[PDB]
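A short write-up of the structure that comes next.
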Amino acid sequence: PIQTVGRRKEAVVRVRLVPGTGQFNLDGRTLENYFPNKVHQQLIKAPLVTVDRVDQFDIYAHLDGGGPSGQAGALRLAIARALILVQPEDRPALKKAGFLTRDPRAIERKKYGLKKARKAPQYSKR
Amino acid sequence: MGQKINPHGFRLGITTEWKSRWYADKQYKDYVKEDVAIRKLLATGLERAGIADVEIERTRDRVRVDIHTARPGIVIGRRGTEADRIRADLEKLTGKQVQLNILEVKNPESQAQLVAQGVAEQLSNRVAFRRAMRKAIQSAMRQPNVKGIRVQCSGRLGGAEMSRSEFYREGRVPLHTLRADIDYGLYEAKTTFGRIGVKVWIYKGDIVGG
Amino acid sequence: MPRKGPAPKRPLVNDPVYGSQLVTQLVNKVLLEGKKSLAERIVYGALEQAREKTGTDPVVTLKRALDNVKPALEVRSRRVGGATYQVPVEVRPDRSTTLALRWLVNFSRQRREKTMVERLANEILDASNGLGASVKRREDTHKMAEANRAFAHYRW
Amino acid sequence: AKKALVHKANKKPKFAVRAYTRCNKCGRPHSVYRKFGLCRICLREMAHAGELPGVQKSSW
Amino acid sequence: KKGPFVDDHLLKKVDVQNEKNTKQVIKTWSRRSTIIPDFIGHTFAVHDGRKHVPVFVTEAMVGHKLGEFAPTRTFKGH
Amino acid sequence: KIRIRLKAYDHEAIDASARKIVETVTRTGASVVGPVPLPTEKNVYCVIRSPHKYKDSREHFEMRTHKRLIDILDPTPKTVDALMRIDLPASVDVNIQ
RNA sequence: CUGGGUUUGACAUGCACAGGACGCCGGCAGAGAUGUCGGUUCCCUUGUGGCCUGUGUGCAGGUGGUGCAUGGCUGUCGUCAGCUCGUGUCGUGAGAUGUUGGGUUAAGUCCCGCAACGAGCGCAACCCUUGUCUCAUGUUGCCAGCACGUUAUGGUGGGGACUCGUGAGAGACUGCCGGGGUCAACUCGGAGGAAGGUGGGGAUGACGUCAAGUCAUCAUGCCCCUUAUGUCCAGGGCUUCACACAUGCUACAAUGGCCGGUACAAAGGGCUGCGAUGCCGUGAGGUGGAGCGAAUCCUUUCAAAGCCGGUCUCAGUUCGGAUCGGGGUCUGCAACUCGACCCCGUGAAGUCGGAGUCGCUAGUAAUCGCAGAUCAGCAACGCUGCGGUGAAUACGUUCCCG
Ligand SMILES: [Mg+2]
Ligand SMILES: [Mg+2]
Ligand SMILES: [Mg+2]
Ligand SMILES: [Mg+2]
Ligand SMILES: [Mg+2]
């Protein structure tokens with residue numbers, strides 16, 4: 001039983017790939033019901049769209065953390081990681097476009113002294 | 001003076017440990033109420049003996065105190081008349097027993113508070129402040145376990161009403177590295193014409209203490 | 001990164017329908033927060049309405065109108081000698097390509113009508129024909145510049 | 001930090017609203033917390049000294 | 001929603017008063033409310049901070065507090 | 001059996017106190033179980049508005065509170081004065097259940 | 001401050017002359033202080049250890065003043081790359097070398113040649129959280145395969161294999177190669193890879209500048225008073241109105257509003273508190289309380305921008321809610337001069353604001369979010385901590401500022 005994990009800056013999802021017509025068995029609903037923005041639906045399939053395999057393989061994912069697109073990207077990286085446990089032939093075709101490499105950009109640090117992320121109150125030139 | 005905060009409070013959560021500590025559920029206020037009183041009483045009485053640091057823990061509401069003096073023999077002259085005097089005073093102040101255990105530190109020259117008291121006394125001794133600071137530095141830096149010392153005396157020195165601030169350092173005294181474990185001591189002396197303060201820093205070595 | 005030269009450039013995707021490098025940056029620009037499906041669908045539907053109206057490729061007409069809506073100066077505010085002048089700056093390729101699209105997007109909402117398809121389509125037709133609202137609004141930006149040219153030699 | 005208030009607070013009156021916080025260290029009634037038990041400055045001192053947990057004053 | 005503040009300081013006084021059934025001025029700093037009917041029949045001393053103005057009491061009077069009759073200021077026009 | 005779950009604040013006191021407490025049972029002489037920590041108590045809570053015009057730096061409840069759950073065996077009178085004697089970190093809200 | 005107490009005191013203490021009553025529980029004069037009252041009428045024993053009433057005594061108490069006597073500390077030049085010390089040499093000298101000069105970098109980290117040889121202070125350096133893996137790994141929590149399930153709850157057996165869980169370790173060291181590099185540093189690209197060239201910014205604010213806020217965090221000698229400026233309380237107000245101004249909500253509408261319905265997560269705290277099914281309401285709330293020192297229960301199985309439906313058709317309007325009369329709710333002995341809130345109604349400036357000014361190159365500034373303590377009570381929409389969706393641009397330091 002292949003089971004991998006895909007996480008974003010604040011999201012994390014356990015994924016398992018199986019052979020079957022395109023379907024994402026989410027926690028009580030489907031892909032079209034969990035991502036109606038019509039942009040996350042394409043972002044999640046970005047790795048499986050480079051080499052069309054959506055209609056050929058089924059995904060079973062349990063996600064959490066982050067928001068809608070956070071979980072979208074988490075499941076995206078999860079598919080990217082799971083695609084290696086079946087056939088590494090597409091590993092170069094995926095790494096060329098860029099996958100299995102989580103964006104190092106995330107939340108930075110802030111605290112007292114300032115009020116917002118790398119932002120200071122306005123000071124008038126007088 | 002800039003942001004030269006006491007470095008002893010920077011690594012106490014990484015390398016060094018805390019001086020006083022206890023647990024109190026809805027009783028921290030009443031506990032500190034007596035802790036500050038005991039601190040004032042000791043600063044008044046035992047300061048003549050050369051107290052360095054008073055660790056005040058808390059057992060099941062009775063007592064837990066530890067002191068590290070510098071002149072063993074003056075605070076305890078005759079068992080009962082001087083050693084038990086502070087115990088009786090504390091028992092009269094706070095309605096709790098006191099099993100005071102007076103132990104001696106490994107050496108006085110290695111402590112920051114003790115050298116601070118020594119410099120404060122040498123300043124009032126009418127001797128040249130520069131030579132006093134030099135002698136204190138030399139005595140404290142006789143490689144017992146130390147590797148750097150820094151003393152800064154400020155106030156109305158020189159028997160006048162001016163405001164000078166000398167500076168002296170030996171060896172390495174880095175303040176931007178956690179692997180320092182510097183000891184700091186605070187105190188203020190009063191002369192016949194004003195107040196004087198002394199900031200002391202003692203860097204021993206780069207002990208990670210993992 | 002800022003004020004230290006151009007940062008590493010990011011690539012841009014292209015659409016395989018028409019095959020143009022100026023039909024996807026506009027999409028990415030109009031992809032406002034939370035609005036990515038309706039606006040894209042309206043733009044896709046209007047891309048064919050424009051082809052049917054002008055009887056020309058949906059991209060050649062826009063490429064040609066980019067020059068018709070190309071200004072020559074931009075009004076600014078430069079204070080010197082106790083006076084604030086409207087000293088403009090010469091146009092550049094990228095700066096003009098960005099300003100034209102910015103003005104087009106800003107004026108596509110000028111018409112307070114409800115029909116967004118019309119708001120987006122009928123403007124491109126008039127712009128290509130020489131009567132677009134953007135073409136008309138671009139007149140004052142150059143008129144004020146020519147008027148203030150009396151003190152527009154400081155190169156700033 | 002009035003010697004009258006520092007005693008009235010810890011006193012045991014016959015009313016509810018007659019009780020205050022009145023930090024015992026100095027007597028500053030502003031910002032005196034419950035778990036910490038000190039005013040703003042009285043707590044920030046030991047915080048920068050690392051005596052208590054949950055202290056990270058980063059970002060300038 | 002006829003349960004507003006009870007004004008215990010005046011309730012106890014009017015109770016000890018009706019225990020003897022007298023009509024006298026209740027000398028107290030009661031400027032809060034007279035909601036309960038137990039306050040009817042008796043007179044009290046309004047404490048607005050400056051002075052007091054006596055008034056007569058009856059049964060058909062329900063709806064305000066004890067101090068909102070005349071404000072701390074006076075309205076005369078000139 | 002008596003269970004003990006100590007908490008912590010600055011990501012280190014948890015183990016700094018576990019490796020000191022859970023070893024007192026061994027110092028006294030008895031068997032003990034390995035470590036089994038729980039993440040935290042999170043408890044979403046969000047009802048407040050903001051200026052709504054300069055409203056950015058979107059962030060929510062950055063904090064971590066670890067828990068170290070381990071059991072103890074052979075409870076004796078001398079095994080209860082191990083933690084109450086001193087609580088060095090000031091952040092371990094230990095609870096013996 | 002308007003008026004009234006105590007005026008050796010409201011809050012501590014060393015000695016005199018005197019006591020077992022002080023201390024407490026209730027009413028009373030009451031605006032309260034405070035006084036008169038009722039009850040208790042000492043714990044030890046002859047000497048007083050603890051108690052205080054007043055009586056004499058030095059004293060408590062100064063929030064009485066100065067950050068120009070000080071100790072001690074936000075914010076700034078600045079996270080800017082520089083500042084000093086030992087010896088030597090040189091000039092009668094203030095003093096110079098080191099630290100001028102070449103490169104890369106944010107940098108004085110490096111070296112080169114030079115009367116220089118070394119070092120400190122910052123940087124450098126270490127590391128928390130974050131970015132990926134392995135070892136350790138099952139509760140109050142997840143669930144593959146087995147069962148129980150029926151819809152508010154893996155709630156209940158089993159699997160540590162899955163991540164969340166977090167002690168250690170591998171892992172990003174210009175480490176290797178290709179071209180440029182005195183063949184010296186260093187740099188562009190290529191690689192595994194989660195991170196590659198101080199990943200991310202941080203605690204770190206350096207010798208010092210501005211006698212930089214603060215004698216109101218606290219200590220402090222001099223100056224001034226103590227039947228008072230100490231101290232108690234009933235009440236007044238520091239929020240009064242048409243204003244010069246400010247980090248700056250609500251809005252000005254089709255990238256907007258209204259209602260009925262509607263999914264995720266990131267994810268603090270609870271012992272005199274959060275507080276559910278259901279009954280009470282159109283709403284602030286009320287009788288009640290399973291659960292609770294808590295991965296459980298509680299802010300509910302736990303929002304919205306956005307998302308699929310009905311509509312206003314570009315306007316001082318059904319957006320906008322200030323103010324006002326009235327039901328009032330709320331916590332408070334107290335909501336009246338004076339807090340927060342729903343609702344019935346009256347329904348204001350304002351149609352994206354001129355000269356000007358200000359934040360912002362990567363999850364940064366906007367477009368929907370958060371609050372605990374500071375409170376018994378709320379201005380809390382400004383703060384100390386802080387999740388999510390997600391674009392725009394880049395010729396260079398000529399130009400304003402440092
Ligand atoms: Mg001044
Ligand atoms: Mg010479
Ligand atoms: Mg008063
Ligand atoms: Mg004020
Ligand atoms: Mg209060």
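Derivation of every value follows stated rules applied to the coordinates shown; laboratory data play no part. Please note: Cβ atoms are built from the backbone with ideal geometry, for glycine as well, and neighbour counts cover all protein chains shown.
Take every pair of alpha-carbon atoms less than 8 Å apart whose residues are at least six positions apart; their mean separation over the length of chain D yields a relative contact order of 20 percent. Shape analysis of the protein assembly as shown based on the Cα gyration tensor places the equivalent ellipsoid semi-axes at 65, 45, 37 Å, largest first. Once the cut-off is 15 Å, how many percent of the Cα-Cα pairs in the range A:40-124 end up in the long-distance tail? Of all Cα-Cα pairs in the range A:40-124, 65 percent lie more than 15 Å apart.
Each of residue B:147 and residue B:36 was given a label point 7 Å from its Cα along the Cα-to-Cβ line. The distance between the two points is 3.9 nm. The calculated 222 nm mean residue ellipticity attributable to helices in chain B amounts to -8000 deg cm²/dmol, summing -39500 (n - 2.57) over DSSP H runs of n ≥ 4 and dividing by all residues.
Divide the volume of the convex hull around the Cα atoms of chain C by the residue count and you get 161 Å³ per residue. Across 10 Å bins from the origin, how do the percents of Cα pairs in chain B run, short distances first? Pair shares across the bins are 7, 30, 33, 24, 7, 0.
The string of couplings for the range C:37-42 from the Karplus curve (6.51, -1.76, 1.60, θ = phi - 60°) is 8, 5, 4, 5, 5, 5 Hz, one whole number per residue in order, with x for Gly and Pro.
Using the Cβ-Cβ distance between residue C:12 and residue A:118 with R0 set to 35 Å, the FRET efficiency from 1/(1 + (r/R0)^6) comes to roughly 0.80.
Measure out, as a whole number of angstrom, how far apart the alpha-carbon centroids of the range B:60-80 and the range C:1-74 sit. One Cα centre to the other: 84 Å. Peptide B:21-30 shows a mean partner chain C-beta count of 5 within 10 Å per residue C-beta. Close amide H contacts of residue C:56 (hydrogens built in the peptide plane, cut-off under 5 Å, sequence separation of 5 or more or a different chain): none are found. On a 0 to 90° scale, report how tilted helix E:8-18 is relative to the longest principal axis of chain E, with both axes built from alpha carbons and the result rounded to the nearest 10. Between helix and principal axis, roughly 60 degrees. Separation of the range D:1-23 from the range F:1-53 is 36 Å, based on Cα centroids. Could you check how many percent of all C-alpha pairs in chain E are farther apart than 17 Å? Here the long-distance tail beyond 17 Å is 46 percent of all Cα pairs in chain E. Relative to the longest principal Cα axis of chain B, at what angle does helix B:112-124 sit, 0 to 90 degrees, rounded to 10? Its long axis makes an angle of about 60 degrees. Of all the options B:148, B:118, B:45, the one that moves most in a Gaussian network model of chain B with Cα springs shorter than 10 angstrom is B:45. Across the range B:100-109, coupling constants 3J(HN,Hα) worked out from phi with the 6.51/-1.76/1.60 Karplus curve, θ = phi - 60°, read 4, 10, 8, 10, 9, 6, 4, 6, x, 5 Hz, and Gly and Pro carry x. Model label sites at residue E:61 and residue E:1, defined 7 Å from Cα along the beta-carbon direction, differ in position by 2.5 nm. Based on alpha-carbon atoms, the Kirkwood radius and the radius of gyration of the range B:99-192 give Rg/Rh equal to 1.00. For chain F, the convex hull drawn through the C-alpha positions has a volume of 123 cubic angstrom per residue. A Förster radius of 60 Å combined with the Cβ-Cβ distance from residue B:15 to residue E:24 puts the calculated FRET efficiency at roughly 0.15. Annotation: Cα Rg of the range B:17-106 relative to the compact-globule expectation 2.2 N^0.38 Å equals 1.08. Taking 26 Å as the straight-line reach from the Cα of residue D:14, the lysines in range (excluding those fewer than 8 positions away in the same chain) are B:26, B:29, B:33, D:2, D:3, D:25, D:35, E:12, E:13, E:27. Calculate how steeply helix A:40-50 sits against the longest principal axis of the alpha-carbon atoms of chain A, using the helix alpha-carbon long axis, and give the answer as 0 to 90 degrees to the nearest 10. The two axes meet at around 50 degrees.
Residues in the range A:105-112 carry Karplus couplings, in order, of 6, 8, 5, 9, 9, 7, 5, 3 Hz; the curve used is 6.51 cos²θ - 1.76 cosθ + 1.60 with θ = phi - 60°, and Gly or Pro positions show x. With a simple spin-label model that places each label point 7 Å from the Cα along the Cα-to-Cβ direction, the separation between residue B:82 and residue B:168 comes to 3.0 nm. Please check which bits of the range F:38-57 a label hung off residue F:64 would reach, taking the label as a point 7 Å along Cα-to-C-beta and the cut-off as backbone N under 13 Å. From the range F:38-57, the list is F:39-40.
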